[PDB]
2 protein chains.
Amino acid sequence: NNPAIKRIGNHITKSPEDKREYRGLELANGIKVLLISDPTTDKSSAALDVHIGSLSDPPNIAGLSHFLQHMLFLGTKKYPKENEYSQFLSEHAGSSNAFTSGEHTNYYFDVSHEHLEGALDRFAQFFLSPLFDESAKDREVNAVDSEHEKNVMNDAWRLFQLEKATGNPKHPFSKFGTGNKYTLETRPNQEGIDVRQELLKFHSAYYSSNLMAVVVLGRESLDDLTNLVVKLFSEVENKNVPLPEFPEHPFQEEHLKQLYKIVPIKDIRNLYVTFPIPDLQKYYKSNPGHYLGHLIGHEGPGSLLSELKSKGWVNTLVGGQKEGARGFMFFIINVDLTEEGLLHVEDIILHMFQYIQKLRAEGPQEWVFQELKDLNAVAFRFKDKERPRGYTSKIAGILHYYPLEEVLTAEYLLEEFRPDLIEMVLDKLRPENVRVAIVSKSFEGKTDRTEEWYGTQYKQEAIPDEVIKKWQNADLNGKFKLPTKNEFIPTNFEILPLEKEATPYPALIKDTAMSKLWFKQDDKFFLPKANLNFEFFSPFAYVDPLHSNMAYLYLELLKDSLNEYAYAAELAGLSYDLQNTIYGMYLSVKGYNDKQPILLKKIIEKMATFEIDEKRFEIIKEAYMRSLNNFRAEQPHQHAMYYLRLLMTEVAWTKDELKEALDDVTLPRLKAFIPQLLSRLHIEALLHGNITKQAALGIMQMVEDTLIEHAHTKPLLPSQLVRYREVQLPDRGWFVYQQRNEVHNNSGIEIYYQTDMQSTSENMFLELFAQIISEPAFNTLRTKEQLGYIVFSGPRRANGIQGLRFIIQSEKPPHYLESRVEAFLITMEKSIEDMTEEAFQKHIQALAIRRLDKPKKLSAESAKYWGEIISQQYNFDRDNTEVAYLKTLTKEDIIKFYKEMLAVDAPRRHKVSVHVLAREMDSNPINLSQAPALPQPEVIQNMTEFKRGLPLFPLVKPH
Amino acid sequence: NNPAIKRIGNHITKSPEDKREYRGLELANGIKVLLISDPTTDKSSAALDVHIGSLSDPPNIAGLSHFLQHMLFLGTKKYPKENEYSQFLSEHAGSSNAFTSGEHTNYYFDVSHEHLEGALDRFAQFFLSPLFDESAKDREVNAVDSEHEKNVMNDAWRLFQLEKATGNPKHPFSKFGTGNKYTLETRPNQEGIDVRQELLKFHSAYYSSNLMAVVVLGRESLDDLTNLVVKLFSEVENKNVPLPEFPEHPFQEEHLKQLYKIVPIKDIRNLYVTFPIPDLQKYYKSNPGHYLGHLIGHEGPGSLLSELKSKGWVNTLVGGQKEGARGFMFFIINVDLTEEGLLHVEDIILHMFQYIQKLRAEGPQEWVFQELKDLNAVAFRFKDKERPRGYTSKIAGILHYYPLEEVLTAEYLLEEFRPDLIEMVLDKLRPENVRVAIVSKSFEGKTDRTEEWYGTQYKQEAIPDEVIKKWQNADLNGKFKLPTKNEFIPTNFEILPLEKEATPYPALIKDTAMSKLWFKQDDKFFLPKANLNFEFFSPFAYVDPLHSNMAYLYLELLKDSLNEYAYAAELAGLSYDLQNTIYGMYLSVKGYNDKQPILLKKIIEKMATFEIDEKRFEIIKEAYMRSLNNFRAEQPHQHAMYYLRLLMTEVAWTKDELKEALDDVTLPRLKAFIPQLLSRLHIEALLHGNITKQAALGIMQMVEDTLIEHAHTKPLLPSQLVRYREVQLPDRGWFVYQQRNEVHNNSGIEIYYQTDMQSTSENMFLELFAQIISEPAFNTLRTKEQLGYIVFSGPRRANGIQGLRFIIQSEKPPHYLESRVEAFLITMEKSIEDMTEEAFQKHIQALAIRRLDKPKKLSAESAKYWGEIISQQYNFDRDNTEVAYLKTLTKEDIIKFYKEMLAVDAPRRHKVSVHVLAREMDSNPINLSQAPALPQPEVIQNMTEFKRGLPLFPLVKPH
Ligand SMILES: Cc1cccc(-c2ccc([C@@H]3[C@@H](CO)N4CCCCN(S(=O)(=O)c5nccn5C)C[C@@H]34)cc2)c1C
Ligand SMILES: Cc1cccc(-c2ccc([C@@H]3[C@@H](CO)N4CCCCN(S(=O)(=O)c5nccn5C)C[C@@H]34)cc2)c1C
């Protein structure tokens, strides 16, 4: 009855708690489409996936597909303005991005629900008539080269591409994917290639409709959505491109029984064991790869990790199948290495095969599969409502692998118990099929090979046959028992009835000298889940560097102890987060409310009654010091962000200060620290979810009663609950802090324009101005000036203060970017004066939409409340209140704000800049916009003297 | 603060290339004010708009609002001299006028920038205490009666007023607006009404301050202007008149599905299709009327016109929204009709609804709106600087509809794309809502109705139900495709830097036997625009009537061929004008310089490689013959000018001479004409704008190279470049040429006093004398003696000669008008001898101001240079040279000039008169001034014998 629709899918099985409406289609051109109607969503979204990726790149232009991704945004035949896509979405509360794997290219966006069509039309044109403007091609390649440069000194990227290079060099697996300036301009222009043809030749050849999948999520009806999708996409051309598949495995015989010794950039000690396996993707109903990954990577009692941990060799273990293109997969076992573990790699790998041998002798266990089936079934029934942008993007990728009807469930539910497949995969996990990778700084200078793309230093050795035989004849270790029935599986999913005296916002149901309990029973989602957030205040968690380290070590030791017990809970959708802060400790417990109080008690009991294993202490204390040193290898812009945090906070310890005081942390002092830390506390907590007021009060008092009994905890005085303040910069001032990054050869910079204390007025002034420049700053500093890959502009909130911040990571010196971002600021002044009165109210409505986006899941709503709480501001109706004021603003109110607080010659300009110089960058001192003349900056020489000479801002009045 | 200012507008968004400064005000009495400060302007200006017009006229005094317009100029209480307003502006390089629509009355003036205050004071008095002197009222009604009489025999006015009468007769839309002697004197004096009371009753009632808008433009600062404006206008009285609005549409049910067959005065064939629609004025941000008007009235490939054109039915199509008062609008589609098109009106209108149905099935196209929004955005950024008199009047009108800040942009920029509104208007365009009007002489005698005001003959028919159903069931025509992306949108707006060897005046950078290229790089405006003027000389373009006709047909056919191609360019701010002259062809290309060489090449290529469509040839050749016959229905004063042009030019072909020889133009002869016309040419060209010297040489060489390749063009001999001379009249001579106008019952006359060849001395003598008599000639012959509505006096320049000319259109016989202008000339003889030495030097400053007015936009500056070029005079510094001499003139030097060249008994009087008698005027032979005695005139019997018996003036020496 319609010629543009090949077929229509039947009922799409969804979670019975899912209110949304779904319809499956296959267009005439073979485009698999899923339509999602959610009349509640404040933002609509859509995404398209092409079953092509890096592996189909031409041999001579590595990275073309990932480059073509960048180039689809920069102009279409119908919408040729270079940034009409970015500009349209920014003005309509939208965002967008895209990624490129080996077999997929995935484009997605979201936007205000009233402009889905306007966005979709502009978005759809990507696959019909893209410009590939020569002017934009020569510019955007720098964004790709900067993107790669960031990754060049990253240990995870260097290993990623190392595995590719280490296998069969003829296999597309070895292809370089990211692409850089060499492979995309220098060498092609060196081989005479016109890249714009190779972009059009590729786009026209592979971007066929038969290899595309589309997901559209909007308020519109399912029928309205169907006509919209058919209207815009039925004109995509079908080329009947055969789906590429790679049956030959990238790792052949000569690539097996090999050992690699790799020099890392950070200070880490890791061991990777890999086995090639066939494409298990088609067995999704039985999922044998995850059955084995569950048992191998198990962290519970009697597990493989437990013994490697007990022997003081490893600390973490990760196992399971690793994805590869159609026709080949891998099986990885990842362990970090202690100092001793590095010397016993032979035994570690043996212990691995001893556990595998155990799994072979016991055979497939139906009860395990039944457990995994039941757990997934629950997780899917009570699946949290996904964000539209992430939801549409994920489904668009999996429409290629599963029938229309199962698309929602295919990745969750299990059906077939296939013990034959388990034994089949378990037989490929053998020493004659193994590949071993060791990463340790100890191989410095002992390497003889280099990886051409990232520079990785490594050495390749064949695994001695003598060692293989030891692994093959793997005796059974009596320390490896199969896991037992998970006792944390939830059984009570009953949604408690909504109390009469219930509230819409969290209520303060307890305000004692020791506790302060915020409570709200969930009235929006009705899932058997709850979030339990606790802030423990103790002035002894950050009083000096020595105590900060012990605060960290105290918890890292505590969590290490509970891992065996708690791992079962984690599997049962019941997790806990525990870590130190600058004000004390933070404990979060989210998941199914059934077994929740049982886990929380075991945590608080273990807190107050903790006994330290000396062997574990010395191992974590070491790993912690490497984690501090390894900060020198972070991105230059993260250095800038780190340093600025140090400069503007009243009290704050540098990594160097902590690292020095860490040697003085003897176990005696740590054993004495804990009881000192727990002796006086104040507890501010948020209990939010499927639980009643009375149960919530019981939770809080249980944490109190446990601490009082076993730690003899007393309350704090209200005068002790002092929050740290932010430094008050002087009017017309400009400070510059200069440091270097010894690792990365990129430069970084953060620029902080300090406004004033947070307030309903000063908040919206900033948030609106940052909305108007959000997009143009990206188009000017990256798309045009191509300063780098990382260009961020937005508000900075901290310690009750705020301001505008720019963050750039580039190849240029920072003092250049200073002028360029300063020159851009004057570009905005005009752009505002010329901005129409209507285009202005557009931005206001854009900010108001993003500010009033309703939280989709319980976890997200809790954050809003938890943010108002830790901030001591307690403004739970901030969104309605602040949006109301925002709409009353005029274009003139913004101009006076810029002229008064921000402009280069403003009277109240508060500017502080952080310059992070590239590794080899010498000590710093046309068709572009004019940069203003800048005053002489005051150069911070010492951070402590800097703060002593400046006032401190007050603290925000609460409520 | 200030109490006389209700509020002050913030930054008024302006074009970012606009140097002027703007401030918005709302006075206490509700007068919306815009202040324009332009310290560059040579002329200051101001204008006031009243939101009242013809529609608010009393039912018994049709035209009162348009009558009150004429009456405010004739005296004020503070300035009671009847012409103190007209006189003041004339003595200070000023001008003024005003018009009256259905909802507005708009007064405006300009004046020397040093006298804005003096003029504004006199101007403001219009709305405070006007005289309405009874003596002037009885006189000015003739000025209104003559204005209507002019329009009585005009086809556009007769249709205008016909539609009004054809709708609801109770609706103010049906009101007579222009007013004549009947509605303002004869009928009122018969019903006892005192018109002078109704003028004050109306003025006092409707001329309220709350319905006024004021714009003042001057060199003064925005504050000084603000003080001036408030001083003079804050004393206007606020009556709180409610703004009239007309929600009832003039066309109700009984007025729809009607057809009208109308007899025109000219021989024309037109078809008007109208649909009543609601007042779309409020949806101005999205403007759905222009989206549909854009697509319907589109002339590109696949458009409605192309198929109606291809079927040989129409030649032009016009579409869009037609303005009506608040609460109702119209939608018109205007197509001319070929001979065959006249017989296929049913099918033509069907083809109309077939196209509309196409627009409904494809629905609104957002990419189209984005093209219009981006195109308008460009045009506004690079907006040419407007003349003060026109700018203030246009802005004064739109201050009533938009906020103070948006006034400048409201009518240019678009923002919201509202497909819901587009579907709303597209639904009002349906056959059951249509009104059809056919205009053709073929309905002569077959009409049964007459329009009471203009006498229009028409017949009213109901559209048969059978025809309506056919139109409704409009199949989709495969010949109607949506327009495609406009490829002429400019992308390179780069302002080229000013070359070192640049000049202030056009330089002659090429002087060959074939070309002579004048060049100037724009050094004043710096917009991405350029003007390309070309004069092609061929002696075969005017050798005889047959060749003159083929010159016209050649270009009119060529433009017809290019229209489909060039229409896109027109939209992209890139237009071209092409037409024949008495020396050859003239091709002009103005607009954005980016895509300019692409269009110029396609024109010159099409010139030399032109192939004639036989069907189009016969259609234009017919339409061209009607255009010649239809000249008999032009204004009598236009006949007088036409005849005088024939008498005084060496060679000149009459309409009758061409029209008879037009039958002999067979297509073969035209095909042979073109290559002969192109075989030998001389090209004199002016390239001026945003372009370099070498780019200019590149432009010319392409025009040359293209002509040589495809037309084998050879140069002309210098002796072939013969210009036409003007007849040398004998001293003390007087000739009279008498003809009739068969259409209009008014008489016309031009009087030419020939002085001598143009020269810096003889030029300024005339230009000054015409300045002194400029105003008094209007005040004496119209304001006092009320000879008619059209009374013009000024210099006449032609073929290197000059002289003084009077032009009057009256009801009186011409030979009477002859004496009156002679009687006025003696009035001036006295007025000069008695004129003060101060009043004399005032006129000198008046002429000097107007001569030295700097051009505001590029198009205007090119004209000044282009005039010097075609005139073979090449005096680019004429204004400074002539004004310098002008100041050295004395009152005595003028008197001797009059006694010698102009006076009735001067020794060198050279007088020639043209008498055009009204249709029914018999063959022509108090308190007023004494008319002098005139000699016996020599009566021109044949124009050729006239020229044969007289010498010919030389030609002006250049440089
Ligand atoms: C020379 C050689 C021999 C044998 C194996 C390897 C090898 C293979 C893959 C990796 C990937 C690389 C990014 O692709 N890394 C990031 C750090 C650890 C996280 N994970 S993961 O834990 O392995 C992993 N992801 C999915 C499942 N699981 C278990 C990815 C690992 C690293 C090293 C090499 C390089
Ligand atoms: C009895 C009857 C029924 C239906 C319609 C009409 C009717 C109404 C108005 C007109 C006017 C007439 C003089 O006012 N013309 C000028 C030539 C064609 C141009 N246009 S225009 O398209 O609106 C138009 N020019 C410029 C922009 N735009 C939108 C007006 C048309 C002509 C005919 C009548 C008289």
# chains A, B, ... in the order shown; residues from 1 in each chain; ligands from 1

call {"tool": "interface_residues", "arguments": {"of": "chain B", "to": "chain A", "cutoff": "10 Å", "atoms": "only C-alpha atoms", "output": "VMD selection string"}}
result
chain B and resid 10 to 16 285 362 365 to 368 370 to 371 374 381 403 405 to 406 409 to 410 413 to 417 484 to 487 491 494

call {"tool": "calpha_fit_rmsd", "arguments": {"fixed": "chain B", "moving": "chain A"}}
result
0.3 Å

call {"tool": "residues_near_ligand", "arguments": {"ligand": "ligand 2", "cutoff": "7 Å", "atoms": "only C-alpha atoms and all ligand atoms", "output": "PyMOL selection string"}}
result
chain B and resi 156-157+159-160+162-163+166+260+272-274+318-322+332-334+435-437

call {"tool": "write_last_selection", "arguments": {"atoms": "N, CA, C and O atoms", "output": "PDB file, in the first residue's frame"}}
result
ATOM      1  N   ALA B 156      -3.898  51.445 -15.037  1.00  0.00           N
ATOM      2  CA  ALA B 156      -3.592  50.917 -13.712  1.00  0.00           C
ATOM      3  C   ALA B 156      -4.514  51.512 -12.655  1.00  0.00           C
ATOM      4  O   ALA B 156      -4.956  50.807 -11.740  1.00  0.00           O
ATOM      5  N   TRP B 157      -4.820  52.806 -12.765  1.00  0.00           N
ATOM      6  CA  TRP B 157      -5.755  53.425 -11.830  1.00  0.00           C
ATOM      7  C   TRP B 157      -7.167  52.891 -12.019  1.00  0.00           C
ATOM      8  O   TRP B 157      -7.882  52.649 -11.040  1.00  0.00           O
ATOM      9  N   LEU B 159      -8.151  49.984 -13.044  1.00  0.00           N
ATOM     10  CA  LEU B 159      -8.251  48.671 -12.416  1.00  0.00           C
ATOM     11  C   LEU B 159      -8.182  48.791 -10.900  1.00  0.00           C
ATOM     12  O   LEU B 159      -8.956  48.146 -10.183  1.00  0.00           O
ATOM     13  N   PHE B 160      -7.248  49.603 -10.400  1.00  0.00           N
ATOM     14  CA  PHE B 160      -7.143  49.858  -8.968  1.00  0.00           C
ATOM     15  C   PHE B 160      -8.507  50.170  -8.363  1.00  0.00           C
ATOM     16  O   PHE B 160      -8.995  49.454  -7.480  1.00  0.00           O
ATOM     17  N   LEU B 162     -11.372  49.881  -9.693  1.00  0.00           N
ATOM     18  CA  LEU B 162     -12.408  48.921 -10.060  1.00  0.00           C
ATOM     19  C   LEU B 162     -12.534  47.818  -9.015  1.00  0.00           C
ATOM     20  O   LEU B 162     -13.645  47.472  -8.594  1.00  0.00           O
ATOM     21  N   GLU B 163     -11.404  47.247  -8.588  1.00  0.00           N
ATOM     22  CA  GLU B 163     -11.443  46.221  -7.550  1.00  0.00           C
ATOM     23  C   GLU B 163     -12.135  46.734  -6.294  1.00  0.00           C
ATOM     24  O   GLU B 163     -12.962  46.032  -5.699  1.00  0.00           O
ATOM     25  N   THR B 166     -15.767  46.630  -6.713  1.00  0.00           N
ATOM     26  CA  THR B 166     -16.337  45.324  -7.011  1.00  0.00           C
ATOM     27  C   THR B 166     -16.618  44.494  -5.765  1.00  0.00           C
ATOM     28  O   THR B 166     -17.393  43.534  -5.840  1.00  0.00           O
ATOM     29  N   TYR B 260     -14.395  38.864 -14.269  1.00  0.00           N
ATOM     30  CA  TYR B 260     -14.622  40.211 -14.772  1.00  0.00           C
ATOM     31  C   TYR B 260     -13.883  40.393 -16.087  1.00  0.00           C
ATOM     32  O   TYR B 260     -12.693  40.079 -16.187  1.00  0.00           O
ATOM     33  N   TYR B 272      -5.591  38.660 -14.059  1.00  0.00           N
ATOM     34  CA  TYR B 272      -5.321  38.824 -12.637  1.00  0.00           C
ATOM     35  C   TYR B 272      -6.108  37.779 -11.861  1.00  0.00           C
ATOM     36  O   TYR B 272      -7.332  37.690 -12.001  1.00  0.00           O
ATOM     37  N   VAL B 273      -5.406  36.994 -11.050  1.00  0.00           N
ATOM     38  CA  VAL B 273      -6.022  36.000 -10.179  1.00  0.00           C
ATOM     39  C   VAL B 273      -5.739  36.418  -8.745  1.00  0.00           C
ATOM     40  O   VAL B 273      -4.575  36.577  -8.357  1.00  0.00           O
ATOM     41  N   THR B 274      -6.798  36.600  -7.961  1.00  0.00           N
ATOM     42  CA  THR B 274      -6.683  37.115  -6.605  1.00  0.00           C
ATOM     43  C   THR B 274      -7.317  36.141  -5.625  1.00  0.00           C
ATOM     44  O   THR B 274      -8.328  35.503  -5.935  1.00  0.00           O
ATOM     45  N   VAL B 318       3.820  37.446 -12.298  1.00  0.00           N
ATOM     46  CA  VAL B 318       4.068  38.180 -11.065  1.00  0.00           C
ATOM     47  C   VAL B 318       3.223  37.550  -9.970  1.00  0.00           C
ATOM     48  O   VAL B 318       2.032  37.290 -10.171  1.00  0.00           O
ATOM     49  N   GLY B 319       3.840  37.305  -8.819  1.00  0.00           N
ATOM     50  CA  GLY B 319       3.147  36.663  -7.720  1.00  0.00           C
ATOM     51  C   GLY B 319       3.678  37.141  -6.389  1.00  0.00           C
ATOM     52  O   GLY B 319       4.801  37.647  -6.283  1.00  0.00           O
ATOM     53  N   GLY B 320       2.843  36.981  -5.368  1.00  0.00           N
ATOM     54  CA  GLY B 320       3.187  37.411  -4.031  1.00  0.00           C
ATOM     55  C   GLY B 320       1.992  37.973  -3.295  1.00  0.00           C
ATOM     56  O   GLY B 320       0.886  38.031  -3.842  1.00  0.00           O
ATOM     57  N   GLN B 321       2.199  38.394  -2.053  1.00  0.00           N
ATOM     58  CA  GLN B 321       1.128  38.989  -1.272  1.00  0.00           C
ATOM     59  C   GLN B 321       0.943  40.448  -1.668  1.00  0.00           C
ATOM     60  O   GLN B 321       1.914  41.168  -1.916  1.00  0.00           O
ATOM     61  N   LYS B 322      -0.314  40.880  -1.729  1.00  0.00           N
ATOM     62  CA  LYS B 322      -0.664  42.254  -2.063  1.00  0.00           C
ATOM     63  C   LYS B 322      -1.214  42.937  -0.820  1.00  0.00           C
ATOM     64  O   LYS B 322      -2.093  42.393  -0.144  1.00  0.00           O
ATOM     65  N   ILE B 332      -2.089  37.976  -5.374  1.00  0.00           N
ATOM     66  CA  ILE B 332      -2.314  38.215  -6.792  1.00  0.00           C
ATOM     67  C   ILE B 332      -1.340  37.374  -7.595  1.00  0.00           C
ATOM     68  O   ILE B 332      -0.205  37.116  -7.175  1.00  0.00           O
ATOM     69  N   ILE B 333      -1.797  36.940  -8.764  1.00  0.00           N
ATOM     70  CA  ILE B 333      -0.937  36.360  -9.784  1.00  0.00           C
ATOM     71  C   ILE B 333      -1.227  37.096 -11.082  1.00  0.00           C
ATOM     72  O   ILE B 333      -2.352  37.041 -11.594  1.00  0.00           O
ATOM     73  N   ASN B 334      -0.224  37.794 -11.601  1.00  0.00           N
ATOM     74  CA  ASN B 334      -0.368  38.646 -12.772  1.00  0.00           C
ATOM     75  C   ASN B 334       0.439  38.040 -13.908  1.00  0.00           C
ATOM     76  O   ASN B 334       1.659  37.881 -13.792  1.00  0.00           O
ATOM     77  N   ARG B 435     -10.828  35.104  -7.418  1.00  0.00           N
ATOM     78  CA  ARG B 435     -11.440  36.185  -8.178  1.00  0.00           C
ATOM     79  C   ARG B 435     -10.588  36.393  -9.419  1.00  0.00           C
ATOM     80  O   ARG B 435      -9.362  36.490  -9.317  1.00  0.00           O
ATOM     81  N   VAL B 436     -11.227  36.459 -10.583  1.00  0.00           N
ATOM     82  CA  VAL B 436     -10.522  36.462 -11.859  1.00  0.00           C
ATOM     83  C   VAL B 436     -10.884  37.720 -12.633  1.00  0.00           C
ATOM     84  O   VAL B 436     -12.053  38.118 -12.683  1.00  0.00           O
ATOM     85  N   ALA B 437      -9.874  38.341 -13.238  1.00  0.00           N
ATOM     86  CA  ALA B 437     -10.044  39.560 -14.016  1.00  0.00           C
ATOM     87  C   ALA B 437      -9.286  39.421 -15.327  1.00  0.00           C
ATOM     88  O   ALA B 437      -8.085  39.131 -15.326  1.00  0.00           O
TER      89      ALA B 437
END

call {"tool": "residues_around", "arguments": {"residues": "residue 69 in chain A", "least_positions_apart": "4", "cutoff": "8 Å", "atoms": "only C-alpha atoms", "output": "ChimeraX atom specification"}}
result
/A:65,73,98-100,105

call {"tool": "write_last_selection", "arguments": {"atoms": "N, CA and C atoms", "output": "PDB file, in the first residue's frame"}}
result
ATOM      1  N   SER A  65      38.061   7.522   6.236  1.00  0.00           N
ATOM      2  CA  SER A  65      36.700   7.392   6.748  1.00  0.00           C
ATOM      3  C   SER A  65      36.496   8.247   7.992  1.00  0.00           C
ATOM      4  N   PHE A  73      30.063  17.483   8.323  1.00  0.00           N
ATOM      5  CA  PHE A  73      29.453  18.599   9.033  1.00  0.00           C
ATOM      6  C   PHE A  73      29.676  19.937   8.341  1.00  0.00           C
ATOM      7  N   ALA A  98      30.004  12.449  16.494  1.00  0.00           N
ATOM      8  CA  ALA A  98      30.042  11.210  15.733  1.00  0.00           C
ATOM      9  C   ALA A  98      31.377  10.528  15.975  1.00  0.00           C
ATOM     10  N   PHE A  99      31.385   9.207  15.815  1.00  0.00           N
ATOM     11  CA  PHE A  99      32.586   8.412  16.010  1.00  0.00           C
ATOM     12  C   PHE A  99      32.714   7.424  14.861  1.00  0.00           C
ATOM     13  N   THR A 100      33.892   6.817  14.755  1.00  0.00           N
ATOM     14  CA  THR A 100      34.201   5.917  13.648  1.00  0.00           C
ATOM     15  C   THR A 100      35.016   4.752  14.192  1.00  0.00           C
ATOM     16  N   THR A 105      30.368   3.909  11.142  1.00  0.00           N
ATOM     17  CA  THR A 105      30.461   5.358  11.264  1.00  0.00           C
ATOM     18  C   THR A 105      29.109   5.847  11.757  1.00  0.00           C
TER      19      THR A 105
END

call {"tool": "atom_distance", "arguments": {"atom1": "CA of residue 600 in chain B", "atom2": "CA of residue 309 in chain B"}}
result
24.8 Å

call {"tool": "residues_around", "arguments": {"residues": "range 718-724 of chain A", "least_positions_apart": "2", "cutoff": "7 Å", "atoms": "only C-alpha atoms", "output": "CSV table (one decimal) with C-alpha atoms, in the first residue's frame"}}
result
chain,number,residue,atom,x,y,z
A,649,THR,CA,41.4,27.5,46.4
A,650,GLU,CA,42.1,28.6,50.0
A,651,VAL,CA,43.8,25.4,51.0
A,716,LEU,CA,31.5,18.5,65.4
A,726,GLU,CA,38.1,31.2,46.4
A,799,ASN,CA,33.7,27.5,46.1

call {"tool": "residues_around", "arguments": {"residues": "residue 828 in chain B", "least_positions_apart": "4", "cutoff": "12 Å", "atoms": "only C-alpha atoms", "output": "number ranges by chain"}}
result
B: 769-777, 780, 821-824, 832-835, 894-895, 898-899, 902-903, 929

call {"tool": "closest_residue", "arguments": {"among": "A:654, A:60, A:515, A:270", "to": "ligand 1", "atoms": "only C-alpha atoms and all ligand atoms"}}
result
A:270

call {"tool": "residues_around", "arguments": {"residues": "residue 523 in chain A", "least_positions_apart": "2", "cutoff": "9 Å", "atoms": "only C-alpha atoms", "output": "list in words"}}
result
residues 498, 502, 503, 504, 520, 521, 525, 526, 689 and 690 of chain A

call {"tool": "residues_around", "arguments": {"residues": "residue 532 in chain B", "least_positions_apart": "6", "cutoff": "12 Å", "atoms": "only C-alpha atoms", "output": "number ranges by chain"}}
result
B: 517-521, 574-578, 586-593, 596-597, 599-600, 684-691, 695-696, 699-700, 703, 858-859, 862-863, 866

call {"tool": "select_by_dssp", "arguments": {"residues": "range 157-248 of chain A", "states": "helix (DSSP H, G or I)", "output": "ChimeraX atom specification"}}
result
/A:157-166,172-174,181-186,195-206,209-211,222-233

call {"tool": "select_by_dssp", "arguments": {"residues": "range 158-362 of chain A", "states": "strand (DSSP E or B)", "output": "ChimeraX atom specification"}}
result
/A:212-218,258-262,269-277,317-322,329-336

call {"tool": "atom_distance", "arguments": {"atom1": "CA of residue 202 in chain B", "atom2": "CA of residue 149 in chain B"}}
result
25.2 Å

call {"tool": "atom_distance", "arguments": {"atom1": "CA of residue 411 in chain B", "atom2": "CA of residue 34 in chain B"}}
result
15.8 Å

call {"tool": "closest_residue", "arguments": {"among": "A:500, A:547, A:290, A:714", "to": "ligand 1", "atoms": "only C-alpha atoms and all ligand atoms"}}
result
A:290

call {"tool": "closest_residue", "arguments": {"among": "A:296, A:955, A:72, A:205", "to": "ligand 1", "atoms": "only C-alpha atoms and all ligand atoms"}}
result
A:296
